[PDB]
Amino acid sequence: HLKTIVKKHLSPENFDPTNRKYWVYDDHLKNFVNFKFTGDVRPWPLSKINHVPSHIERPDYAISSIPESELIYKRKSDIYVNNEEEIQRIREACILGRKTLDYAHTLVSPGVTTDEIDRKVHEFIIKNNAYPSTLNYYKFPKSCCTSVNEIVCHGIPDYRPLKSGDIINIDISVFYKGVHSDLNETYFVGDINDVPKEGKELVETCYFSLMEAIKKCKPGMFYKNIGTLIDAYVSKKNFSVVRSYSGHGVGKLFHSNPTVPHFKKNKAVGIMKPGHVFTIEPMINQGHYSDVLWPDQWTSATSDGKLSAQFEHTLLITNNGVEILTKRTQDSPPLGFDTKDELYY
């Protein structure tokens, strides 16, 4: 009974995203039966969880789903100061995160499913003796997040094929030598001319909002000032800043202090000091700032169904400035606009 329905109605080649009849038989789609979507993106069925070989070191949530070292009590003012040996380890995880993102980028093309991309990303991380940080983190079922068009963040890779003209953020994190790396980029799928013009401007504005904020980071600067910089930059182009998600400390813990909002007049706690490692990851919207959480408990979409774009780096505060651990390299595929690396390195 169950097997036939999956085969006939919930497979990559025959799933109908505009018919909810068989959704009740799929553990992902059943949450959506009464849901009113904000845009054109629909969820598709997921594939079965991908295996992790036994020799790979796992983070503390891999089995139980509960990130216990993150739940250990800390003051909101407690921000971890990495030593040289820890920094080197993070640098190396970030190098691998970059390699993994650059590899995922090469897979993006019309017709390719996000699930295909996730599986190949998973395989690449495993091949490199690392663990995909997202896998089973609060039961997140995949090894990266893929957020197309109006999807703000945490999109779950599924059987939906990419269309020429879509924009897709691919969000990568890897756990390697005891530490995490976190980065992400938004890509144009297929013919750049199929992307809505506002979408090209959106993705590019978001990118520079991020790089311009990073350029100001140094010891003594308030973490709350990041949001001041980002919000001002994107407001000039009449785009808005998502409020529901923030940058975070990263390193020994997947997510730690400080919390880093990307909007102005925020109450972020902390000043930047040498040895601090954290992310800035602004999600910027074409229209209204507001997002709705999907009934899968993970996928966020813009409330108006307009486009959203994100970029993310993992950063290290140095004695006199910042270093961008997840920097692009000569092996990084193009973003479709001049990234003006000369301004930042």
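We number the residues from 1 along the sequence you see.
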Legend entry - Mean temperature factor over C-alpha atoms, higher-scoring stretch between 33-41 and 300-308: 33-41
Legend entry - Mean C-alpha B-factor comparison - 126-134 and 80-88, higher one: 80-88
Legend entry - Top Cα B factor in the deposited entry, candidates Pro141, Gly155, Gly249, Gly220: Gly220
Inset, instruction - Tell me, lowest, middle or highest third: where does the Cα B factor of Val179 rank within its chain? - result: lowest
Legend entry - Chain third (lowest, middle, highest) by recorded CA B-factor, residue given as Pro258: middle
Legend entry - B-factor third for the C-alpha atom of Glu212 within its chain: lowest
Inset, instruction - Could you tell me which third, lowest, middle or highest, the C-alpha B-factor of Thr326 occupies within its chain? - result: lowest
Inset, instruction - Give the position of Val108 by CA B-factor within its chain, expressed as the lowest, middle or highest third. - result: middle
